[PDB]
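To start, the structure under review is shown below, and the notes come after it.
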4 protein chains.
Amino acid sequence: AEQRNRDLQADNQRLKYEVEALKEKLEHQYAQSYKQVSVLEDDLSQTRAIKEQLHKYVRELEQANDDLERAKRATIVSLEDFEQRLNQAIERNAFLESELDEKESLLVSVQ
Amino acid sequence: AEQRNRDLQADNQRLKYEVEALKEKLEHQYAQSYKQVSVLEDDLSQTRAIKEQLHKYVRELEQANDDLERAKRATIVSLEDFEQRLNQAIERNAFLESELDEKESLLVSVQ
Amino acid sequence: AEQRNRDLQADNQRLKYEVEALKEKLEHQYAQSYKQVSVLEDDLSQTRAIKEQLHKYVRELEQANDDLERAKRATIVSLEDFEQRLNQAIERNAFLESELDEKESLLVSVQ
Amino acid sequence: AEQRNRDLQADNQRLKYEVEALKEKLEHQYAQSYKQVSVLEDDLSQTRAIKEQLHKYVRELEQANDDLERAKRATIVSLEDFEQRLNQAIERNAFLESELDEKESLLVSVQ
Ligand SMILES: [Hg+2]
Ligand SMILES: [Hg+2]
């Protein structure tokens, strides 16, 4: 009965000190995890920001590809209208030349 | 005087032939130049037609050069508009990279 | 003295429970923090890869752009060469006109 | 008698001056005809020369045109290469965007 009291007293003090030690590991572990979660949350913010920028980046490359398309069509068509004009000049020149052939036929008959 | 008759009649006959043959040489000529005049008139009409055609040729060349300047502008402008969209994407890319380094800085501290 | 042993035993049982639940909490928190840090370390190497890819691959666009500008500059040069030739064709033709004006007045003079 | 001798003389003198008047009409016709044929021959030679010049010069414009077409096509090849590279960039950066979405999910899950 007294033996038992003694040893209950001894186990009581052991377990109180164990509880105190663990409450302290838990407080360290906590402070730790709050700090980690701080950066996780920062990482989430910054990540979603970067994902929206990448999405804008894809949209912008698409727009550049549309403008490239337009450039290609603008140069070809502009150069095509020019050609129809030069072809009209070349055609007039071929006529000038046939008329010179007829003048030549005229002059070469002379004596 | 009789010696003189057979002589002057003999010599007026020679002149009559000379006249006859000069009238034929003049007629060769009068006919050759009649044709040449005709060719000359025709040459004048054809040279006038050819200068009018040459005038139309210069108007076409002049328009063709106008249209080529047109095509220069349309090519340069449309490609400049592409470049402005391309530069915009490239700027977006530069900014992504800057955000990723901001994020790398955040995470290098993790341990 | 019996009551005293009962009181202490019940104290000692509540302390032993508190000890198990503290150790259980510490473990489960250790394990969760551990899993968070792995995530962030993985996010670090991934960020470094993404930044290096965007650097490499933007270079490929500026390089195609370099090749575009070169081709475009050659197109302008050729356009401008062609404009010079057209200016010169115009001037030559002007001189041909004057010379045909000269033939006409000659034709008009000998007719 | 002597009356006839005078008579034949009036005819003789009348014929020498006919021969004179004819010889001079012939001379003026040759001055004239030479002037005409001279102009026609020179025109024939000038006409052939003008035809050569027009032909050489239209062939320069046509060569300049080929050269411009040559630079144009290299520009379109450049631009088509660049379209392929933008299409490749659109796909790559949509891949990266997906990676970031997957990372965001993982960061959420680990809280
Ligand atoms: Hg957040
Ligand atoms: Hg890495």
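Starting from 1 in every chain, residues are counted up; chains themselves are A, B, ... following the order of the structure tokens, and ligands are numbered from 1 as listed.
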> Within 7 Å of ligand 1, counting only C-alpha atoms and all ligand atoms, which protein or nucleic acid residues do you find, written as number ranges by chain?
Replying inline: A: 41-42, 44-45
Near chain D, 9 Å: chain C residue rows, closest pairs, only C-alpha atoms, as a Markdown table:
```
| residue | atom | partner | partner_atom | distance |
| --- | --- | --- | --- | --- |
| C:32 | CA | D:110 | CA | 8.0 |
| C:35 | CA | D:110 | CA | 7.3 |
| C:36 | CA | D:110 | CA | 6.0 |
| C:39 | CA | D:107 | CA | 7.1 |
| C:40 | CA | D:107 | CA | 8.2 |
| C:43 | CA | D:103 | CA | 7.5 |
| C:50 | CA | D:96 | CA | 7.3 |
| C:54 | CA | D:93 | CA | 8.3 |
| C:57 | CA | D:89 | CA | 7.5 |
| C:58 | CA | D:89 | CA | 8.4 |
| C:60 | CA | D:85 | CA | 7.8 |
| C:61 | CA | D:85 | CA | 6.9 |
| C:64 | CA | D:82 | CA | 5.7 |
| C:65 | CA | D:82 | CA | 7.4 |
| C:67 | CA | D:78 | CA | 6.6 |
| C:68 | CA | D:78 | CA | 5.4 |
| C:69 | CA | D:75 | CA | 8.7 |
| C:70 | CA | D:75 | CA | 8.6 |
| C:71 | CA | D:75 | CA | 4.9 |
| C:72 | CA | D:75 | CA | 6.0 |
| C:74 | CA | D:71 | CA | 6.2 |
| C:75 | CA | D:71 | CA | 5.2 |
| C:76 | CA | D:71 | CA | 8.8 |
| C:77 | CA | D:68 | CA | 8.9 |
| C:78 | CA | D:68 | CA | 5.4 |
| C:79 | CA | D:68 | CA | 6.4 |
| C:81 | CA | D:64 | CA | 7.7 |
| C:82 | CA | D:64 | CA | 5.8 |
| C:85 | CA | D:61 | CA | 6.9 |
| C:86 | CA | D:61 | CA | 7.4 |
| C:89 | CA | D:57 | CA | 7.2 |
| C:93 | CA | D:54 | CA | 8.7 |
| C:96 | CA | D:50 | CA | 7.9 |
| C:103 | CA | D:43 | CA | 7.7 |
| C:106 | CA | D:39 | CA | 7.8 |
| C:107 | CA | D:39 | CA | 7.5 |
| C:110 | CA | D:36 | CA | 6.3 |
| C:111 | CA | D:36 | CA | 7.4 |
```
Those same residues, written as a JSON list (two decimals), in the first residue's frame with N, CA and C atoms?
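Generated output (part-v6.json):
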```json
[["chain", "number", "residue", "atom", "x", "y", "z"],
["C", 32, "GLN", "N", 3.23, 15.39, -42.02],
["C", 32, "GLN", "CA", 2.65, 16.41, -42.89],
["C", 32, "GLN", "C", 3.60, 17.51, -43.36],
["C", 35, "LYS", "N", 5.98, 16.09, -45.96],
["C", 35, "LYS", "CA", 5.37, 15.93, -47.28],
["C", 35, "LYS", "C", 5.25, 17.27, -48.06],
["C", 36, "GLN", "N", 4.89, 18.33, -47.34],
["C", 36, "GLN", "CA", 5.01, 19.74, -47.80],
["C", 36, "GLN", "C", 6.36, 20.14, -48.28],
["C", 39, "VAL", "N", 7.15, 18.43, -51.72],
["C", 39, "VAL", "CA", 6.45, 19.24, -52.70],
["C", 39, "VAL", "C", 7.20, 20.50, -53.15],
["C", 40, "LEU", "N", 7.63, 21.34, -52.20],
["C", 40, "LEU", "CA", 8.37, 22.58, -52.48],
["C", 40, "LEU", "C", 9.75, 22.39, -53.09],
["C", 43, "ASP", "N", 9.13, 21.60, -56.49],
["C", 43, "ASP", "CA", 8.68, 22.77, -57.22],
["C", 43, "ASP", "C", 9.88, 23.63, -57.58],
["C", 50, "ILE", "N", 11.58, 25.06, -66.04],
["C", 50, "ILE", "CA", 10.68, 25.93, -66.81],
["C", 50, "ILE", "C", 11.40, 27.23, -67.25],
["C", 54, "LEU", "N", 12.02, 28.28, -71.26],
["C", 54, "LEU", "CA", 11.52, 29.52, -71.85],
["C", 54, "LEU", "C", 12.69, 30.36, -72.47],
["C", 57, "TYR", "N", 13.75, 28.57, -75.76],
["C", 57, "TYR", "CA", 12.76, 28.52, -76.82],
["C", 57, "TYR", "C", 12.37, 29.92, -77.34],
["C", 58, "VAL", "N", 12.51, 30.94, -76.49],
["C", 58, "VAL", "CA", 12.42, 32.31, -77.00],
["C", 58, "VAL", "C", 13.57, 32.60, -77.95],
["C", 60, "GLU", "N", 14.69, 30.69, -80.10],
["C", 60, "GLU", "CA", 14.40, 30.16, -81.42],
["C", 60, "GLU", "C", 13.49, 31.10, -82.24],
["C", 61, "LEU", "N", 12.68, 31.89, -81.55],
["C", 61, "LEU", "CA", 11.86, 32.91, -82.21],
["C", 61, "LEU", "C", 12.63, 34.13, -82.66],
["C", 64, "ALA", "N", 14.39, 33.03, -85.88],
["C", 64, "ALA", "CA", 13.53, 33.03, -87.07],
["C", 64, "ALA", "C", 13.24, 34.49, -87.51],
["C", 65, "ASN", "N", 13.10, 35.37, -86.51],
["C", 65, "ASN", "CA", 12.97, 36.80, -86.76],
["C", 65, "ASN", "C", 14.17, 37.39, -87.46],
["C", 67, "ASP", "N", 16.09, 35.72, -89.37],
["C", 67, "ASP", "CA", 16.05, 35.24, -90.75],
["C", 67, "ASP", "C", 14.96, 36.01, -91.55],
["C", 68, "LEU", "N", 13.81, 36.30, -90.94],
["C", 68, "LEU", "CA", 12.79, 37.12, -91.59],
["C", 68, "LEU", "C", 13.26, 38.52, -92.02],
["C", 69, "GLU", "N", 13.93, 39.24, -91.13],
["C", 69, "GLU", "CA", 14.34, 40.59, -91.39],
["C", 69, "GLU", "C", 15.31, 40.65, -92.52],
["C", 70, "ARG", "N", 16.23, 39.68, -92.58],
["C", 70, "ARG", "CA", 17.19, 39.53, -93.66],
["C", 70, "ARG", "C", 16.45, 39.43, -95.02],
["C", 71, "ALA", "N", 15.46, 38.55, -95.08],
["C", 71, "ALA", "CA", 14.71, 38.31, -96.31],
["C", 71, "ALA", "C", 13.94, 39.57, -96.70],
["C", 72, "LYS", "N", 13.30, 40.21, -95.72],
["C", 72, "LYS", "CA", 12.59, 41.44, -95.90],
["C", 72, "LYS", "C", 13.53, 42.53, -96.42],
["C", 74, "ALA", "N", 16.17, 42.22, -98.16],
["C", 74, "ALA", "CA", 16.51, 41.88, -99.58],
["C", 74, "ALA", "C", 15.36, 42.21, -100.53],
["C", 75, "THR", "N", 14.13, 42.04, -100.04],
["C", 75, "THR", "CA", 12.93, 42.42, -100.78],
["C", 75, "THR", "C", 12.88, 43.91, -100.97],
["C", 76, "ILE", "N", 13.14, 44.69, -99.93],
["C", 76, "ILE", "CA", 13.18, 46.15, -100.16],
["C", 76, "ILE", "C", 14.25, 46.55, -101.17],
["C", 77, "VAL", "N", 15.44, 46.00, -101.04],
["C", 77, "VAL", "CA", 16.53, 46.35, -101.95],
["C", 77, "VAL", "C", 16.10, 46.08, -103.39],
["C", 78, "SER", "N", 15.48, 44.92, -103.62],
["C", 78, "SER", "CA", 15.07, 44.57, -104.95],
["C", 78, "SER", "C", 13.95, 45.48, -105.46],
["C", 79, "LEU", "N", 13.03, 45.83, -104.57],
["C", 79, "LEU", "CA", 11.96, 46.75, -104.87],
["C", 79, "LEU", "C", 12.55, 48.05, -105.31],
["C", 81, "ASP", "N", 15.67, 48.63, -106.28],
["C", 81, "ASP", "CA", 16.39, 48.51, -107.56],
["C", 81, "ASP", "C", 15.45, 48.71, -108.76],
["C", 82, "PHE", "N", 14.30, 48.06, -108.65],
["C", 82, "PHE", "CA", 13.24, 48.03, -109.67],
["C", 82, "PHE", "C", 12.62, 49.43, -109.91],
["C", 85, "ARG", "N", 15.13, 51.27, -112.02],
["C", 85, "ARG", "CA", 14.97, 50.85, -113.41],
["C", 85, "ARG", "C", 13.72, 51.43, -114.09],
["C", 86, "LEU", "N", 12.61, 51.53, -113.36],
["C", 86, "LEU", "CA", 11.45, 52.14, -113.91],
["C", 86, "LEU", "C", 11.63, 53.63, -114.14],
["C", 89, "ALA", "N", 13.75, 53.74, -117.33],
["C", 89, "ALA", "CA", 12.88, 53.47, -118.48],
["C", 89, "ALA", "C", 12.05, 54.68, -118.87],
["C", 93, "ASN", "N", 12.51, 56.70, -122.34],
["C", 93, "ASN", "CA", 11.40, 56.78, -123.25],
["C", 93, "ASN", "C", 11.10, 58.22, -123.67],
["C", 96, "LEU", "N", 13.46, 58.97, -126.48],
["C", 96, "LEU", "CA", 12.90, 58.37, -127.68],
["C", 96, "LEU", "C", 11.77, 59.23, -128.24],
["C", 103, "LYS", "N", 12.43, 63.09, -136.02],
["C", 103, "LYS", "CA", 12.13, 62.43, -137.31],
["C", 103, "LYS", "C", 10.90, 63.00, -137.98],
["C", 106, "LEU", "N", 11.57, 66.20, -139.54],
["C", 106, "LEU", "CA", 12.41, 65.92, -140.70],
["C", 106, "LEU", "C", 11.49, 65.47, -141.88],
["C", 107, "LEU", "N", 10.51, 64.57, -141.59],
["C", 107, "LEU", "CA", 9.54, 64.07, -142.56],
["C", 107, "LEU", "C", 8.67, 65.16, -143.19],
["C", 110, "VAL", "N", 10.84, 67.31, -145.76],
["C", 110, "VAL", "CA", 11.40, 66.80, -147.01],
["C", 110, "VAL", "C", 10.33, 66.26, -147.97],
["C", 111, "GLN", "N", 9.09, 66.62, -147.66],
["C", 111, "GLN", "CA", 7.90, 66.01, -148.22],
["C", 111, "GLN", "C", 7.16, 67.05, -149.06]]
```
Mind fitting chain A onto chain D over all Cα atoms in sequence order and sending the result as a compact mmCIF listing (two decimals) with N, CA and C atoms, in the first residue's frame?
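Result file follows (out.txt):
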```txt
# COMPACT_ATOMS: atom_id res chain seq x y z
N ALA A 1 11.38 76.37 -199.12
CA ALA A 1 12.71 75.72 -198.84
C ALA A 1 13.59 76.61 -197.91
N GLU A 2 13.74 77.87 -198.29
CA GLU A 2 14.33 78.87 -197.41
C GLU A 2 13.40 79.19 -196.26
N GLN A 3 12.07 79.25 -196.50
CA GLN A 3 11.15 79.45 -195.38
C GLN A 3 11.34 78.36 -194.36
N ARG A 4 11.42 77.16 -194.88
CA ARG A 4 11.47 75.97 -194.07
C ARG A 4 12.81 75.98 -193.29
N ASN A 5 13.91 76.33 -193.96
CA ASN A 5 15.19 76.42 -193.28
C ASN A 5 15.11 77.40 -192.10
N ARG A 6 14.61 78.62 -192.36
CA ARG A 6 14.45 79.64 -191.35
C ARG A 6 13.75 79.05 -190.16
N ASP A 7 12.63 78.38 -190.39
CA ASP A 7 11.83 77.96 -189.25
C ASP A 7 12.40 76.73 -188.60
N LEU A 8 13.17 75.91 -189.32
CA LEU A 8 13.89 74.80 -188.67
C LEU A 8 14.98 75.38 -187.76
N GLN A 9 15.58 76.49 -188.19
CA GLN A 9 16.64 77.14 -187.43
C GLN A 9 16.12 77.70 -186.19
N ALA A 10 14.94 78.38 -186.29
CA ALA A 10 14.23 78.89 -185.14
C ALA A 10 13.80 77.79 -184.14
N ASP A 11 13.20 76.70 -184.62
CA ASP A 11 12.85 75.58 -183.73
C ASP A 11 14.12 74.90 -183.18
N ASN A 12 15.17 74.77 -183.95
CA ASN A 12 16.44 74.22 -183.40
C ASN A 12 16.92 75.02 -182.15
N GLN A 13 16.99 76.34 -182.28
CA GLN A 13 17.45 77.17 -181.14
C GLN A 13 16.47 77.08 -179.96
N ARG A 14 15.16 77.23 -180.19
CA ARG A 14 14.19 76.97 -179.11
C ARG A 14 14.48 75.65 -178.35
N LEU A 15 14.63 74.54 -179.07
CA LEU A 15 14.66 73.23 -178.39
C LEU A 15 16.01 73.08 -177.65
N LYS A 16 17.11 73.61 -178.19
CA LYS A 16 18.41 73.59 -177.51
C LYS A 16 18.35 74.29 -176.18
N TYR A 17 17.78 75.49 -176.15
CA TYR A 17 17.52 76.20 -174.88
C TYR A 17 16.56 75.45 -173.95
N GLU A 18 15.54 74.83 -174.51
CA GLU A 18 14.67 73.99 -173.63
C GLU A 18 15.45 72.87 -173.01
N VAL A 19 16.20 72.12 -173.80
CA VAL A 19 17.03 71.04 -173.26
C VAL A 19 17.96 71.58 -172.12
N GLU A 20 18.67 72.71 -172.38
CA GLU A 20 19.52 73.32 -171.36
C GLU A 20 18.78 73.66 -170.08
N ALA A 21 17.58 74.26 -170.19
CA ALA A 21 16.76 74.55 -169.01
C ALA A 21 16.40 73.29 -168.24
N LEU A 22 15.91 72.26 -168.91
CA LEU A 22 15.58 71.00 -168.21
C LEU A 22 16.74 70.29 -167.56
N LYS A 23 17.89 70.22 -168.24
CA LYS A 23 19.12 69.65 -167.63
C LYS A 23 19.49 70.37 -166.33
N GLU A 24 19.18 71.65 -166.27
CA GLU A 24 19.33 72.37 -165.03
C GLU A 24 18.28 72.07 -163.95
N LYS A 25 16.98 72.01 -164.27
CA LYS A 25 15.98 71.53 -163.28
C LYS A 25 16.34 70.14 -162.76
N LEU A 26 16.81 69.26 -163.65
CA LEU A 26 17.12 67.91 -163.26
C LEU A 26 18.28 67.83 -162.23
N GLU A 27 19.34 68.62 -162.45
CA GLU A 27 20.48 68.78 -161.52
C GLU A 27 20.03 69.31 -160.14
N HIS A 28 19.26 70.39 -160.07
CA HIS A 28 18.62 70.80 -158.79
C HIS A 28 17.82 69.64 -158.15
N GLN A 29 16.89 69.04 -158.90
CA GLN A 29 16.04 67.96 -158.37
C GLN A 29 16.91 66.82 -157.81
N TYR A 30 18.00 66.50 -158.50
CA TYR A 30 18.98 65.51 -158.06
C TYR A 30 19.65 65.83 -156.72
N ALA A 31 20.37 66.96 -156.69
CA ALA A 31 20.98 67.44 -155.44
C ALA A 31 19.98 67.33 -154.29
N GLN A 32 18.73 67.66 -154.57
CA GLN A 32 17.64 67.59 -153.60
C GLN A 32 17.50 66.16 -153.09
N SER A 33 17.34 65.23 -154.02
CA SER A 33 16.99 63.90 -153.69
C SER A 33 18.10 63.15 -152.99
N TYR A 34 19.36 63.52 -153.28
CA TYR A 34 20.53 62.95 -152.62
C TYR A 34 20.56 63.30 -151.13
N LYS A 35 20.16 64.54 -150.85
CA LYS A 35 20.03 65.10 -149.51
C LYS A 35 18.91 64.40 -148.72
N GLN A 36 17.75 64.25 -149.34
CA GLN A 36 16.67 63.44 -148.76
C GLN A 36 17.07 61.98 -148.49
N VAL A 37 17.78 61.38 -149.42
CA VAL A 37 18.09 60.01 -149.29
C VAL A 37 19.13 59.86 -148.20
N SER A 38 20.03 60.82 -148.09
CA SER A 38 20.93 60.90 -146.94
C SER A 38 20.20 60.73 -145.58
N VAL A 39 19.17 61.53 -145.35
CA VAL A 39 18.44 61.42 -144.12
C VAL A 39 17.61 60.14 -143.99
N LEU A 40 17.06 59.64 -145.10
CA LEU A 40 16.33 58.39 -145.10
C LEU A 40 17.25 57.27 -144.59
N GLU A 41 18.46 57.18 -145.16
CA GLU A 41 19.46 56.23 -144.72
C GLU A 41 19.85 56.41 -143.24
N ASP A 42 20.05 57.63 -142.77
CA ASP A 42 20.27 57.92 -141.36
C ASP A 42 19.04 57.46 -140.55
N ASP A 43 17.86 57.71 -141.09
CA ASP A 43 16.66 57.31 -140.38
C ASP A 43 16.57 55.77 -140.29
N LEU A 44 16.99 55.06 -141.34
CA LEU A 44 16.98 53.63 -141.26
C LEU A 44 17.92 53.07 -140.21
N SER A 45 19.18 53.54 -140.24
CA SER A 45 20.15 53.19 -139.20
C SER A 45 19.60 53.42 -137.79
N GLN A 46 19.11 54.62 -137.55
CA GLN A 46 18.72 54.98 -136.19
C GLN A 46 17.52 54.23 -135.77
N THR A 47 16.62 53.94 -136.73
CA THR A 47 15.41 53.22 -136.44
C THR A 47 15.71 51.75 -136.01
N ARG A 48 16.59 51.07 -136.76
CA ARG A 48 16.92 49.67 -136.47
C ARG A 48 17.63 49.60 -135.08
N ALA A 49 18.47 50.59 -134.79
CA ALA A 49 19.06 50.75 -133.47
C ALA A 49 18.00 50.87 -132.39
N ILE A 50 17.00 51.73 -132.60
CA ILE A 50 15.90 51.87 -131.62
C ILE A 50 15.04 50.59 -131.49
N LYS A 51 14.78 49.94 -132.62
CA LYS A 51 14.04 48.65 -132.57
C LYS A 51 14.84 47.62 -131.73
N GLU A 52 16.17 47.55 -131.87
CA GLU A 52 16.96 46.58 -131.03
C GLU A 52 16.97 46.93 -129.55
N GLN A 53 16.99 48.24 -129.27
CA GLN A 53 16.91 48.68 -127.87
C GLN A 53 15.54 48.29 -127.28
N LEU A 54 14.44 48.54 -128.01
CA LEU A 54 13.11 48.16 -127.52
C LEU A 54 13.02 46.64 -127.24
N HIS A 55 13.71 45.85 -128.05
CA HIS A 55 13.67 44.40 -127.91
C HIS A 55 14.43 44.06 -126.65
N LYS A 56 15.56 44.73 -126.42
CA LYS A 56 16.31 44.49 -125.17
C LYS A 56 15.48 44.95 -124.01
N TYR A 57 14.75 46.04 -124.19
CA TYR A 57 13.87 46.58 -123.12
C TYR A 57 12.79 45.53 -122.74
N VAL A 58 12.22 44.86 -123.73
CA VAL A 58 11.21 43.84 -123.40
C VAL A 58 11.85 42.67 -122.66
N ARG A 59 12.97 42.19 -123.18
CA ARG A 59 13.67 41.16 -122.46
C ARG A 59 13.94 41.53 -120.98
N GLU A 60 14.43 42.75 -120.75
CA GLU A 60 14.74 43.24 -119.37
C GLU A 60 13.54 43.34 -118.45
N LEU A 61 12.37 43.68 -118.99
CA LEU A 61 11.19 43.77 -118.17
C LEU A 61 10.77 42.39 -117.73
N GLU A 62 11.00 41.42 -118.64
CA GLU A 62 10.76 40.00 -118.41
C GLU A 62 11.64 39.50 -117.30
N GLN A 63 12.93 39.81 -117.34
CA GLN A 63 13.84 39.46 -116.27
C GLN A 63 13.44 40.09 -114.93
N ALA A 64 13.01 41.34 -114.94
CA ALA A 64 12.54 41.98 -113.68
C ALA A 64 11.31 41.25 -113.10
N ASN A 65 10.42 40.82 -113.99
CA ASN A 65 9.20 40.06 -113.64
C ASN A 65 9.57 38.67 -113.04
N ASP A 66 10.53 37.96 -113.63
CA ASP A 66 11.15 36.78 -112.97
C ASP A 66 11.75 37.05 -111.58
N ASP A 67 12.58 38.09 -111.46
CA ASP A 67 13.10 38.48 -110.12
C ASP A 67 11.98 38.87 -109.12
N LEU A 68 10.94 39.52 -109.60
CA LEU A 68 9.85 39.86 -108.72
C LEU A 68 9.20 38.61 -108.12
N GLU A 69 8.85 37.68 -109.01
CA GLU A 69 8.44 36.29 -108.71
C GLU A 69 9.29 35.61 -107.62
N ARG A 70 10.60 35.57 -107.84
CA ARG A 70 11.58 35.05 -106.91
C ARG A 70 11.56 35.75 -105.55
N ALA A 71 11.45 37.08 -105.56
CA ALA A 71 11.33 37.86 -104.33
C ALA A 71 10.10 37.38 -103.55
N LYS A 72 8.96 37.33 -104.25
CA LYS A 72 7.70 36.90 -103.65
C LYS A 72 7.85 35.53 -102.99
N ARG A 73 8.39 34.55 -103.70
CA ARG A 73 8.64 33.20 -103.15
C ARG A 73 9.69 33.19 -101.99
N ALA A 74 10.76 33.97 -102.13
CA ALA A 74 11.75 34.04 -101.06
C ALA A 74 11.20 34.58 -99.75
N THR A 75 10.34 35.59 -99.79
CA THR A 75 9.82 36.18 -98.55
C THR A 75 8.80 35.26 -97.85
N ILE A 76 7.93 34.63 -98.65
CA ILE A 76 6.88 33.77 -98.14
C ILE A 76 7.40 32.51 -97.47
N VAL A 77 8.34 31.84 -98.14
CA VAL A 77 8.97 30.66 -97.66
C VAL A 77 9.80 31.00 -96.40
N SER A 78 10.64 32.04 -96.47
CA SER A 78 11.40 32.48 -95.26
C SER A 78 10.46 32.78 -94.11
N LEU A 79 9.34 33.43 -94.38
CA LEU A 79 8.43 33.71 -93.27
C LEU A 79 7.72 32.47 -92.76
N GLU A 80 7.55 31.48 -93.62
CA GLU A 80 6.92 30.15 -93.29
C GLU A 80 7.74 29.26 -92.33
N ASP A 81 9.04 29.14 -92.60
CA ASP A 81 10.01 28.51 -91.68
C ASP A 81 10.09 29.19 -90.29
N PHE A 82 10.20 30.51 -90.25
CA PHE A 82 10.01 31.25 -89.01
C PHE A 82 8.74 30.80 -88.19
N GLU A 83 7.57 30.80 -88.84
CA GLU A 83 6.31 30.39 -88.22
C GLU A 83 6.32 29.02 -87.65
N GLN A 84 7.04 28.09 -88.27
CA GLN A 84 7.06 26.74 -87.78
C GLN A 84 7.90 26.75 -86.50
N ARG A 85 8.88 27.65 -86.47
CA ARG A 85 9.63 27.78 -85.25
C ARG A 85 8.82 28.43 -84.14
N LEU A 86 8.05 29.48 -84.43
CA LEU A 86 7.30 30.13 -83.40
C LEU A 86 6.19 29.18 -82.97
N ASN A 87 5.76 28.30 -83.87
CA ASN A 87 4.67 27.43 -83.47
C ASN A 87 5.17 26.41 -82.48
N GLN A 88 6.43 25.97 -82.66
CA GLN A 88 7.08 25.10 -81.68
C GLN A 88 7.21 25.74 -80.26
N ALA A 89 7.59 27.03 -80.20
CA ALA A 89 7.56 27.87 -78.94
C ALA A 89 6.17 28.01 -78.32
N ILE A 90 5.18 28.45 -79.11
CA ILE A 90 3.78 28.50 -78.65
C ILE A 90 3.36 27.12 -78.15
N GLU A 91 3.72 26.05 -78.85
CA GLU A 91 3.32 24.71 -78.32
C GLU A 91 3.98 24.39 -76.95
N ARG A 92 5.23 24.73 -76.81
CA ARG A 92 5.92 24.52 -75.54
C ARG A 92 5.27 25.37 -74.43
N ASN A 93 4.92 26.60 -74.75
CA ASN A 93 4.23 27.40 -73.82
C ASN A 93 2.91 26.77 -73.34
N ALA A 94 2.16 26.11 -74.24
CA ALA A 94 0.87 25.52 -73.87
C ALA A 94 1.11 24.34 -72.93
N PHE A 95 2.17 23.59 -73.16
CA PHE A 95 2.56 22.59 -72.21
C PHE A 95 2.93 23.15 -70.78
N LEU A 96 3.76 24.19 -70.72
CA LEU A 96 4.14 24.91 -69.49
C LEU A 96 2.92 25.27 -68.75
N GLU A 97 1.95 25.81 -69.50
CA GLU A 97 0.71 26.17 -68.86
C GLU A 97 -0.03 24.95 -68.31
N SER A 98 -0.07 23.81 -69.00
CA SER A 98 -0.81 22.64 -68.41
C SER A 98 -0.13 22.12 -67.14
N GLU A 99 1.20 22.15 -67.14
CA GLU A 99 1.96 21.73 -65.97
C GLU A 99 1.69 22.67 -64.76
N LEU A 100 1.58 23.96 -65.03
CA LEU A 100 1.17 24.92 -63.99
C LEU A 100 -0.24 24.63 -63.52
N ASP A 101 -1.14 24.22 -64.43
CA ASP A 101 -2.49 23.79 -64.01
C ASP A 101 -2.41 22.60 -63.07
N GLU A 102 -1.50 21.66 -63.33
CA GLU A 102 -1.34 20.46 -62.46
C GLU A 102 -0.71 20.87 -61.14
N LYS A 103 0.24 21.81 -61.17
CA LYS A 103 0.83 22.25 -59.89
C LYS A 103 -0.25 22.93 -59.07
N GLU A 104 -1.06 23.74 -59.74
CA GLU A 104 -2.13 24.44 -59.13
C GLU A 104 -3.09 23.45 -58.51
N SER A 105 -3.43 22.38 -59.22
CA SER A 105 -4.36 21.33 -58.69
C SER A 105 -3.79 20.70 -57.46
N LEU A 106 -2.47 20.50 -57.47
CA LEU A 106 -1.75 19.99 -56.28
C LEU A 106 -1.89 20.92 -55.04
N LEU A 107 -1.49 22.16 -55.23
CA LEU A 107 -1.47 23.15 -54.14
C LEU A 107 -2.88 23.48 -53.61
N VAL A 108 -3.88 23.55 -54.48
CA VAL A 108 -5.21 23.84 -54.02
C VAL A 108 -5.88 22.73 -53.15
N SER A 109 -5.30 21.53 -53.13
CA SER A 109 -5.86 20.44 -52.32
C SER A 109 -5.44 20.53 -50.81
N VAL A 110 -4.38 21.30 -50.55
CA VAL A 110 -3.82 21.47 -49.21
C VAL A 110 -4.74 22.01 -48.12
N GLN A 111 -4.63 21.41 -46.93
CA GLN A 111 -5.06 21.99 -45.64
C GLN A 111 -4.05 21.61 -44.53
```
